[PDB]
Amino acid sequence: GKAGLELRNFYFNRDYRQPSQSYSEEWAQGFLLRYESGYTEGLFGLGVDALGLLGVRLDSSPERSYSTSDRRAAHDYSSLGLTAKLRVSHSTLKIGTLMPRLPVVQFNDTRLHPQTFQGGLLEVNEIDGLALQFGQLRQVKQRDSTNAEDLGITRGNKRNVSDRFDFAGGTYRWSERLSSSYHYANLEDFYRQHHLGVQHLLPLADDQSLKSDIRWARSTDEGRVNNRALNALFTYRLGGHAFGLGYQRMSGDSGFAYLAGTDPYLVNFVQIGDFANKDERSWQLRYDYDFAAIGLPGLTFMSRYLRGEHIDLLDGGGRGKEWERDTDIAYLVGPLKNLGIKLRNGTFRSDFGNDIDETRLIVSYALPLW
């Protein structure tokens, strides 16, 4: 019988350019109540989860080419999202509302309310050191709608891109610090995706280690995309510092395949770009500082620069390059609060079109209802 709600305050801001400028702003407040019941005793247990959403946004976005627009909007929404559970020993079946965290579908949650899916999920961990998941998702409610729509594919830009997204896979814990995953996905009439992963931590000296996250994926056509994505991030942790170098390469006839609105499982997927256009090679430098060291717990800094190049432009026979810079500072209050505040800053530039400056301020307070 777990509960708890979350209050969320979300200012957002996005200056979007072409040589044709657009300028969007959003103010928003949201309530997330979540209920996670228990199971009826027995060889099989019955349970039910509830997800309650409530909130109001406020959008402005004027734009210029000739042409000149100005537009304001206000929304309020509310939702209940039930998900029924069945347990057998150490295995689980949820039917109804889902928010999966897997290599082939990762629900997005960076805005007012979570992207959710309707479908079914079977998690089974009966063999010690091996989690398997199986499921199919039929519909999605995006993070800015409370009306479900059909699953689609992240298209457009330079990526070069039903009611049935099946998936199956799992992760074996070879040691207490050597994971290896494999996942499959299939979106009806769209793509079949394979996804191999390996994470390996390696402690060097008491208070410093080196994390290696090496990923490979392959999408193929069903009715067309054609893609391989190899990508790895290496993060050397030292005290309150973390230094991360990341490489990511797209190959094949189109960019990376994932369900529209999700967060692709890519190392260089960052604030504004996914750095996953056709043929795009990307590089990431990242630095993290945890102010726990200095004696100021819950304050963190992050900065990363990415550079992608070799982008097939399909049309104009040349190639595109783009680069991005993200800087985030985050305070999360240890008593007598759980008040979080996060500022996210994104600067993105290319040589083939877009140019985006983005800022996100977030204030979040979450409280266990018991």
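Numbers follow the displayed sequence, beginning with 1.
Per the record, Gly156 and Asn157 are directly connected, with no deposited-sequence residue omitted between them. According to the record, 4 to 9 deposited residues between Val161 and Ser162 are left without atomic coordinates. In this entry, 291-299 has the higher mean Cα B-factor, the comparison being between 70-78 and 291-299.
Comparing 171-179 with 228-236, the stretch with the higher mean C-alpha B-factor in the PDB entry is 171-179.
Per the deposited coordinates, the residue with the largest Cα temperature factor out of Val56, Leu314, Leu53, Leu343 is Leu314. Based on the entry's C-alpha B-factors, the most elevated value among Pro264, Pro203, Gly96, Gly252 belongs to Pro203. Among the modelled residues of its chain, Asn354 has a C-alpha B-factor that falls in the highest third, as given in the PDB entry. When the modelled residues of the chain are ordered by their C-alpha B factor, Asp49 lands in the lowest third. Ranked within its chain, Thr347 lands in the lowest third, by CA B factor from the PDB record. Residue-level temperature factors show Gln136 in the lowest third of its chain, judged at the C-alpha atom. When all modelled residues of the chain are sorted by CA temperature factor, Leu336 is found within the highest third.
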